[PDB]
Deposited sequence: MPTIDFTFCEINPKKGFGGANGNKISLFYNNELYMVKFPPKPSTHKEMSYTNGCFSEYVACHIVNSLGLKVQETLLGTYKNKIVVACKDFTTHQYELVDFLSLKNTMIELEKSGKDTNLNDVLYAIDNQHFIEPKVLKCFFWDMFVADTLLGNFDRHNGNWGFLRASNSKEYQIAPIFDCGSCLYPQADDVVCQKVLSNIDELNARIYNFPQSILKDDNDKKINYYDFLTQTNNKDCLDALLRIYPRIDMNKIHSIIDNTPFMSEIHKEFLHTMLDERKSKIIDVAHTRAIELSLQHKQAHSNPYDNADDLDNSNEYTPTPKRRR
């Protein structure tokens, strides 16, 4: 069975931001979900569901997701984590405070993002930095091309000065959302084609000091950033390609060709990037 969200009670007193589609607030299992629609003619909902589930299997706190129908559309339902007086403040907002940078908090220069993390006061700077790096590692595996400063952040309970890190959310930009059944069968059949979708792009939205988008493969097979390496060592063990392939297999609605596309691509991303980087990480770390 596939879920039908159509007749779930709509909450008319809530909306959500973002430009990437419509959202409504609705009740399901007696709890609030942010239901994200696609733009009418949906690969963004799929990626959202698969990816967040993959992020959960990695032991990272992430929003809970479901796929289901709603009238004419396939949509991903995301458990609302800003009910009960919780409020979401993106990293973009927090970076906007870094006034001595003379950069907008929307700019994704890596060094600046890290500077912002080291100088902010919502969250223990060291805790937050481990989070950010955990996320980059999971975004590497997922091939996330859009982790802009607006796509992560913090919850503040109302009436307090207290922040926690918010569940990972919006992974809709992960796992090749642009790929047709047609694009799939082509990538699987052409080695130079698949290779390019590991080594060349998707690339990370974070940029180096020459303003060039960060290449996942080039970056973490060459980085000497002890925090990034450490996060590789933290997370690698929690990758479970069986659980992951199983997530993909049990994904509702999705076509078998697309499933096959994600199986192969996730494996390739796992071996071509994570493994190579992780094996180097051990090597340097054992170096005493």
property: In sequence order, the deposited-sequence ranges that have no modelled C-alpha atom; result: 1, 43-50, 298-325
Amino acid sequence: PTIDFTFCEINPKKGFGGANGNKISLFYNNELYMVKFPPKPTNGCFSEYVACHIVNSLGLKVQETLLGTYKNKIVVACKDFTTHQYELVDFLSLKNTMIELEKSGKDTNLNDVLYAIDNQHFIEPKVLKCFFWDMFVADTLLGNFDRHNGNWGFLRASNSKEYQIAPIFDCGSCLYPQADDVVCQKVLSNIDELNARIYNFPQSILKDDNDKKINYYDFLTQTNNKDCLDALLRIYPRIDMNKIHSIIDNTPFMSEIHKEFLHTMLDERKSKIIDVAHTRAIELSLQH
From here on, numbers count along this sequence of modelled residues.
| query | finding |
| --- | --- |
| Mean C-alpha temperature factor, higher of 209-217 and 177-185 | 177-185 |
| Per the entry, higher mean C-alpha B factor between 135-143 and 158-166 | 158-166 |
| Among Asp107, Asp80, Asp90, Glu100 - the residue whose C-alpha B-factor is largest in the record | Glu100 |
| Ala196 - Cα temperature factor, lowest/middle/highest third of chain | highest |
| Chain thirds of CA B-factor: placement of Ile10 | highest |
| Chain thirds of CA B-factor: placement of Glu64 | lowest |
| CA B-factor ranking of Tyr28, expressed as a third of its chain | highest |
| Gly153 by Cα B-factor - lowest, middle or highest third of the modelled chain | middle |
